[PDB]
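Participant: let's see this in three dimensions:
(one chain, ligands or ions: 1)
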Amino acid sequence: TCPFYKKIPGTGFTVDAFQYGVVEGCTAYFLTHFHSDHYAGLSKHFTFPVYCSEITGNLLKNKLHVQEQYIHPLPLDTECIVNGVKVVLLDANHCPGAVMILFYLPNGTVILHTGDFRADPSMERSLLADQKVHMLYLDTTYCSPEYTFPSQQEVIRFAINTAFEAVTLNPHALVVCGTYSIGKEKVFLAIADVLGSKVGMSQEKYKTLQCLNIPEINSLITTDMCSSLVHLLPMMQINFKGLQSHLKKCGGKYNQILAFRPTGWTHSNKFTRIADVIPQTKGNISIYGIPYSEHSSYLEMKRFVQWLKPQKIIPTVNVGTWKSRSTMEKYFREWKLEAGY
Ligand code: NI
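Facilitator: Residues are numbered from 1 along each chain as shown. Structure as follows:
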């Protein structure tokens with residue numbers, strides 16, 4: 001059964017609620033982004049209206065084979081009417097096609113559902129700035145002060161410089177980047193750009209990337225592995241055994257692998273600066289874990305909420321334990337007392 005925090009009161013609407021069968025009273029199913037924990041349940045047999053971004057709609061049609069007549073893409077930053085209720089989709093600064101949803105209830109209440117997001121000051125100048133929000137359904141993934149990580153720009157700087165140095169020292173080194181979902185495309189695209197190569201990948205991954213409206217993409221990606229010196233592999237293969245095996249398959253073209261695992265947070269963040277990050281090495285293989293996040297750090301989240309000043313917060317992540325829930329509620333109260341709302 002559908003949990004309360006995926007339901008929008010006063011509407012026929014649910015958010016990211018496709019794994020519960022037919023939800024009683026739901027007239028429209030919203031999907032914030034194309035990640036499996038959120039789309040779980042969608043397929044070509046779905047016959048209710050799905051509301052989403054253009055990019056998410058490309059992925060629904062091409063990857064899950066949802067029929068076109070049930071896909072309802074909306075433009076961002078535009079007031080739209082859905083079953084008699086005004087809604088707006090806003091960029092969530094998560095993965096490609098990921099949105100926040102603003103709902104203007106018939107009784108005058110305004111609700112923001114962040115979906116998954118990485119809070120940014122740029123959000124303080126969207127259509128959020130123009131009215132009060134009463135209720136916030138918040139992505140609380142990293143809602144604790146231990147969760148710090150660097151900007152995406154610093155992380156990409158580190159990766160570009162690391163890769164360019166290694167390959168200039170050894171033109172027979174291969175760079176490998178791990179992936180298991182959409183998101184974090186800048187890692188592998190930035191590295192390929194500094195090295196003057198395309199990124200090589202499976203046909204299934206190339207198909208996924210072709211749904212994303214990224215400019216000039218036919219110029220940056222390929223299925224021809226033999227012509228590429230940046231390869232994408234499943235995240236599960238980014239270990240010494242999986243990489244030794246891959247290196248065999250390249251037929252003596254290469255004699256070294258430098259690999260990258262974009263994680264979210266790991267506890268090496270509580271001690272070490274990005275400048276100071278070192279790989280794990282075995283023989284001719286090195287693996288770097290880089291803290292490239294597409295969710296808010298604690299400080300980013302706090303700033304957003306203290307700016308927005310919602311009347312009520314409903315967490316959507318880490319809700320399954322009493323200790324988590326109690327922790328989060330204590331931070332929410334601190335933020336409110338420090339800011340004065
Ligand atoms: Ni996500």
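Participant: what helix or strand is the residue of the stretch 51-200 of the chain found nearest the ion on?
Facilitator: Nearest residue of the stretch 51-200 of the chain to the ion, counting by Cβ to the ion: residue 116, 3.6 Å away. In short, each C-beta sits where N, CA and C put it, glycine included. Under the assignment given by DSSP states H and E, residue 116 is not contained in any helix or strand.
Participant: one more: the one 3 residues further on?
Facilitator: Per DSSP H and E: residue 119 is located in neither a helix nor a strand.
Participant: I'd assumed residue 307 was in contact with it.
Facilitator: No - Residue 119 is beyond contact range of residue 307, at 9.2 Å (criterion: Cβ atoms under 8 Å).
Participant: what about these two, which has more around it?
Facilitator: residue 119 (24 against 14; other Cβ atoms under 10 Å).
Participant: could you report the neighbour count for residue 107?
Facilitator: Residue 107, neighbours per other Cβ under 10 Å, totals 7.
Participant: please apply the same query to the one 3 residues further on.
Facilitator: Residue neighbour count, defined by other Cβ under 10 Å, stands at 16 for residue 110.
Participant: quick check: closest non-adjacent residue to it.
Facilitator: Leaving aside its sequence neighbours, residue 110 sits nearest to residue 133 (Cβ to Cβ, 6 or more residues apart in numbering; 5.0 Å).
Participant: with residue 339 instead?
Facilitator: residue 306 (4.4 Å).
Participant: cool, and residue 99?
Facilitator: residue 89 (4.3 Å).
Participant: thought the residue of the stretch 51-200 of the chain closest to the ion was touching residue 92?
Facilitator: Yes - using Cβ under 8 Å, residue 116 is in contact with residue 92, at 6.5 Å.
Participant: before we move on, back to that, report the contact partners of the residue nearest to residue 339.
Facilitator: 335, 338-339 (Cβ atoms under 8 Å, 6 or more residues apart in numbering).
Participant: and the stretch 1-150 of the chain, which residues reach the ion?
Facilitator: 35, 116 (Cβ under 5 Å from the ion).
Participant: for the stretch 1-150 of the chain, just list every one of the helices.
Facilitator: 36-39, 54-63 (DSSP state H, counting those that start in this stretch).
Participant: ramachandran angles for the residue of the chain positioned farthest from its centre?
Facilitator: Largest separation from the mean C-alpha position in the chain: residue 252, at 36.0 Å (Cα atoms, centre = their mean). Main-chain dihedrals, residue 252, degrees, to the nearest 10: phi 70, psi 10.
Participant: now do the helices in the stretch 151-300 of the chain.
Facilitator: Under DSSP H, counting those that start in this stretch, the stretch 151-300 of the chain gives helices at 152-169, 185-195, 203-210, 240-249, 298-308.
Participant: which of the ones you listed is buried the deepest?
Facilitator: Across the helices of the stretch 151-300 of the chain, averaging neighbours per residue (mean count of other Cβ atoms under 10 Å) puts helix 185-195 on top, at a mean of 20.
Participant: contact partners for the closest residue to the ion within the stretch 201-341 of the chain?
Facilitator: Nearest residue of the stretch 201-341 of the chain to the ion (Cβ to the ion) works out as residue 294 at 7.0 Å. Applying Cβ under 8 Å, 6+ apart to residue 294 gives the contacts 93-95, 116, 118, 183-184, 264.
Participant: how many neighbouring residues does the residue lying closest to residue 234 once chain neighbours are set aside have?
Facilitator: The shortest distance from residue 234 to any non-neighbouring residue, by Cβ to Cβ, 6+ apart, is to residue 180 (6.2 Å). Using other Cβ under 10 Å, residue 180 has 10 neighbouring residues.
Participant: residue 180 and residue 204: what is the separation?
Facilitator: In this view, residue 180 and residue 204 are 12 Å apart by Cβ to Cβ, to the nearest Å.
Participant: what of residue 103?
Facilitator: On the measure of Cβ to Cβ, residue 103 and residue 204 end up 35 Å apart.
Participant: same question for residue 233.
Facilitator: 12 Å.
Participant: in three-state terms, label residue 314 for me.
Facilitator: Of the three states, residue 314 takes strand under DSSP: H, G, I helix; E, B strand; the rest coil.
Participant: re earlier: just the buried residues from the contacts of residue 294, in ChimeraX please.
Facilitator: Selecting only the buried entries of the contacts of residue 294 in ChimeraX, with 16 or more other Cβ atoms under 10 Å as the criterion:
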select :93,94,95,116,118,183,184
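Participant: turn the contacts of residue 294 into a markdown table, including distance to residue 55.
Facilitator: Formatted as a markdown table, those follow (distance: Cβ to Cβ, whole Å):
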| residue | distance to residue 55 |
| --- | --- |
| 93 | 14 |
| 94 | 12 |
| 95 | 9 |
| 116 | 14 |
| 118 | 17 |
| 183 | 12 |
| 184 | 15 |
| 264 | 22 |
